[PDB]
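The structure under discussion appears below in the form of structure tokens.
No hydrogens, no waters, no symmetry mates; every other heavy atom, side chains included, goes into these values. Lettering of chains follows the sequences in order, A, B, ..., and the numbering in each one begins at 1.
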Amino acid sequence: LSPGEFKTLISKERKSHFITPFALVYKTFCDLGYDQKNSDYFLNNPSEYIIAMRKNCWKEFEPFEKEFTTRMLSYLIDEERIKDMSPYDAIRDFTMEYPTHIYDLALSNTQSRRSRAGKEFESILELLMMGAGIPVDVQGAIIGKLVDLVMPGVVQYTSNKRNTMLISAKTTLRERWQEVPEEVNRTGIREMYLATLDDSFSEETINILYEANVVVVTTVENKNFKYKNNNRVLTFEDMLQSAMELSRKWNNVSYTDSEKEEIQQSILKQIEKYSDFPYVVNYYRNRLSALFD
Amino acid sequence: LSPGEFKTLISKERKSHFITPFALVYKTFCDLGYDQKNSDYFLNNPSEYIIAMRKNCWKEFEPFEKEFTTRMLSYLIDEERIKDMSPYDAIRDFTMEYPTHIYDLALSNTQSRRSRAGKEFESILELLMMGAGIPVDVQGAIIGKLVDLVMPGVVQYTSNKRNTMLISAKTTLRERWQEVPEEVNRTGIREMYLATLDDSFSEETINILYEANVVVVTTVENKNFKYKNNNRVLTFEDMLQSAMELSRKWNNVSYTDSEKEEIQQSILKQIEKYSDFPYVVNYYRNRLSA
DNA sequence: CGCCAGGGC
DNA sequence: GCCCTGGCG
């Protein structure tokens with residue numbers, strides 16, 4: 001009933017009532033039929049896939065968040081307080097009595113939305129690479145924690161970063177793009193792709209990132225609308241082509257017995273992470289099977 | 001009516017109803033009585049000053065924010081929609097009818113608080129240096145934009161980065177500390193101070209910052225409470241002593257013809273910016289007459 | 001353009 | 001430990 005206890009309640013209810021960002025992305029991926037599309041589809045249509053995935057995730061989330069918000073706000077309506085108030089004075093009281101509650105709820109909502117938007121964007125990209133058939137290790141499933149996807153895998157990367165691809169994602173950049181050169185420079189990363197839906201980043205940012213060997217990747221629509229001229233801004237289609245070309249380099253490479261068991265271990269860990277997601281397990285198990293192929 | 005007409009209203013109403021972060025910090029600086037403290041107070045007790053400033057700025061805003069929201073929400077109340085509704089039913093209606101309007105207002109508020117919190121933290125630090133009598137340029141009153149304070153000034157820094165100090169500030173770090181090595185490395189900065197009140201940053205972060213020549217500075221309270229043994233964490237007290245030592249090297253310097261002209265121009269800009277603030281203006285006038 | 005009185009995941 | 005369905009200053 002206090003602003004404090006209401007936070008704990010919002011917390012408890014959120015966790016109960018919302019599936020994980022990745023579970024939502026996976027649900028949506030299968031619902032939109034992407035789980036039956038061949039790898040060429042993802043290779044050829046990554047920008048449209050991303051936007052459709054984004055659109056549907058939000059379409060499903062937003063009526064649900066609205067009702068969760070309405071419901072939260074209802075664990076604090078006080079029928080006994082508001083006995084003989086007029087409807088106007090009733091609403092008046094509400095806007096006066098529970099400012100920290102209302103605000104804390106909306107605060108918890110935005111903080112969830114921010115965390116989830118990033119996590120779902122990463123998950124969307126992750127499934128994109130999987131759908132494309134491209135060997136990746138997912139950061140949060142197995143190099144700074146800022147990298148989301150390591151192609152073909154951390155084991156191979158750790159051995160030698162040649163012919164690899166590292167992809168990070170930020171739905172919008174603000175000044176937070178500055179984090180990426182920091183991480184690139186901290187670990188000696190050769191280059192990083194920085195996937196974004198941001199329509200507003202500047203040329204000065206692009207050039208600083210360029211100097212730091214961070215490549216911005218966005219949708220064709222965003223690129224053609226806002227960065228048409230600009231060969232420093234890539235599309236997801238460019239990226240996916242690059243990833244596809246580099247993945248042919250990992251195709252029938254023979255690992256030493258030692259690296260092979262490390263790759264297996266890494267894949268096994270990720271299958272574990274993605275235990276409840278047949279499409280992803282299947283994706284990893286093909287990679288596992290590829291080592292004995 | 002529409003959120004697009006209510007968010008345009010939220011912004012109109014905020015601009016109209018709240019004084020700027022600096023002005024709040026300045027009001028607070030002077031209310032606490034800091035405009036009467038000698039330079040040695042600021043030099044010797046920077047953490048006490050910062051803590052007390054942060055304490056009170058919040059108090060002289062927290063109640064106020066609370067009421068601003070209430071006023072804003074009263075513009076959603078539709079007398080004709082709700083007349084003859086049960087009061088409880090009018091509340092259910094309200095919590096079902098405008099919860100975007102309600103989110104949009106609390107979102108705008110937190111976005112205000114975050115922005116104001118950093119800008120007030122910078123302002124608190126800037127008046128700490130002014131209070132201490134230390135020559136600084138205030139980056140946003142005329143080196144990355146991330147740097148708030150350049151001691152003794154950007155003209156001299158540009159002449160030679162030796163004997164200078166750059167201070168940046170983040171109320172909390174999260175992963176955003178990563179911006180600072182980026183900025184240090186991008187411009188060849190020797191070292192930067194990162195002022196923070198964050199009590200939760202890890203050893204890894206401290207070590208990464210350290211390698212990057214970013215010096216983390218926090219209150220003596222936070223240091224002794226969270227980082228007591230770690231000598232890579234400085235206190236504002238350590239920082240102020242360092243700023244003080246460097247400032248001497250500048251006060252019996254003699255500039256050439258051309259540099260003094262850039263400097264007074266730099267100051268000129270900052271007297272213009274803080275025109276409406278006597279204590280700060282006083283600060284720059286003395287600087288200008290040398 | 002930077003801030004993050006910043007909780008969620 | 002990173003996210004920023006992120007507007008404000």
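- The side chain of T171(A) contributes an N or O atom lying less than 4.0 Å from OP1 or OP2 of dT5(D).
- What separates CD1 of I124(B) from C1' of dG9(D) is a distance of 15 Å, to the nearest Å.
- OP1 or OP2 of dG7(C) has not a single side-chain nitrogen or oxygen of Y103(A) nearer than 4.0 Å.
- Donor-acceptor pairing under 3.5 Å, judged by distance alone, is absent between the side chain of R116(A) and the base of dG7(C).
- In this structure, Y34(B) and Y49(B) have perpendicular ring planes: the angle between them is above 60°, well past the 30° mark.
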Response to the item:
Output field dot_bracket for DNA chain C (Watson-Crick or G-U, both distances under 3.5 Å, | for other-strand pairs) contains ||||.||||
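- Contact annotation for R14(A): backbone-only contact, meaning every heavy-atom pair under 4.0 Å involves sugar-phosphate atoms and none involves a base.
- With hydrogens and angles ignored, a donor-acceptor pair closer than 3.5 Å exists between the side chain of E175(B) and the base of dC4(D).
- Checked options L146(B), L173(B), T218(B), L166(B); the residue passing with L194(B) is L173(B) (criterion: side chain to side chain contact (heavy atoms under 4.5 Å, CB included)).
- Among the heavy atoms of the strands lying under 4.0 Å from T172(A) is at least one base atom, whether or not backbone atoms are also near.
- Regarding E179(A), its CD atom lies at a distance of 11 Å from the P atom of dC3(C), rounded to whole Å.
- Judged by closest nucleotide on DNA chain D, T205(B) is the one of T110(A) and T205(B) placed further toward the 5' end.
- The aromatic rings of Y279(B) and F29(B) sit tilted, their planes meeting at an angle between 30° and 60°.
- Enclosure of atom NZ in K273(A) by more than 12 non-hydrogen atoms of other residues, nucleotides or ligands within 6.0 angstrom is indicated.
- Phosphate proximity of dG8(C) to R113(A): absent, as no side-chain N or O sits under 4.0 Å from OP1 or OP2.
- For the pair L73(A) and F6(A), the tightest heavy-atom approach, listed with the atom from each and the gap, is N-CZ, 4.3 Å.
- Contact annotation for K119(A): no contact, since no heavy-atom pair falls under 4.0 Å across all strands.
- Among the heavy atoms of the strands lying under 4.0 Å from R176(B) is at least one base atom, whether or not backbone atoms are also near.
- For the pair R174(B) and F201(B), the cation-pi criterion (under 6.0 Å, within 45° of the ring axis) is not fulfilled.
- Nucleic acid contact class of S11(A) (heavy atoms, under 4.0 Å, all strands): sugar-phosphate only.
- Evaluation of atom-type donor-acceptor distances gives no pair under 3.5 Å for the side chain of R114(B) against the base of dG2(C).
- If you check every strand for non-hydrogen atoms under 4.0 Å, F22(B) touches nothing.
- Residue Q139(B) is classed as having no contact, given no heavy-atom separation below 4.0 Å to the nucleic acid.
- Here the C1' atom of nucleotide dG6(C) and the CG atom of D198(B) are 10 Å apart, to the nearest Å.
- Using a 4.0 Å heavy-atom distance criterion, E204(B) is classed as making no nucleic acid contact.
- Among the heavy atoms of the strands lying under 4.0 Å from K170(A) are primed sugar atoms or P, OP1, OP2 only; no base atom is included.
- Under the side chain to side chain donor-acceptor pair (under 3.5 Å) criterion, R186(B) pairs with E183(B), not counting sequence neighbours.
- Classified by interplanar angle (parallel below 30°, tilted 30° to 60°, perpendicular above 60°), the ring pair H17(A)/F68(A) is tilted.
- We find that CG of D148(A) is positioned 9 Å from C1' of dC2(D), with the value rounded to whole Å.
- Nucleotide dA5(C) holds its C1' atom 14 Å from the CD atom of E122(B), rounded to whole Å.
- Side-chain nitrogen and oxygen atoms of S108(A) include at least one within less than 4.0 Å of the OP1 or OP2 phosphate oxygen of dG8(C).
- With the nearest nucleotide of DNA chain D identified for both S115(A) and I10(B), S115(A) has the one nearer the 5' end.
- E62(A) comes within 4.0 angstrom of nothing in the nucleic acid, heavy atoms only.
- Remark: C1' of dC8(D) and CG of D104(B) are 14 Å apart, rounded to the nearest angstrom.
- Taking atom CG of residue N109(B) and atom P of nucleotide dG7(D), one finds them 13 Å apart after rounding to whole Å.
- Taking the nucleotide of DNA chain C with the nearest heavy atom to each of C57(B) and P21(A), the more 5' of the two is matched to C57(B).
- Between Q111(B) and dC4(C), a side-chain N or O to OP1/OP2 separation shorter than 4.0 Å is absent.
- Judged by the 6.0 Å and 45° rule, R232(B) forms no cation-pi pair with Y227(B).
- Rounded to whole Å, the distance from CG on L173(A) to P on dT5(D) is 10 Å.
- Looking at heavy-atom distances under 4.0 Å, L146(B) makes contact with sugar-phosphate atoms alone, never a base.
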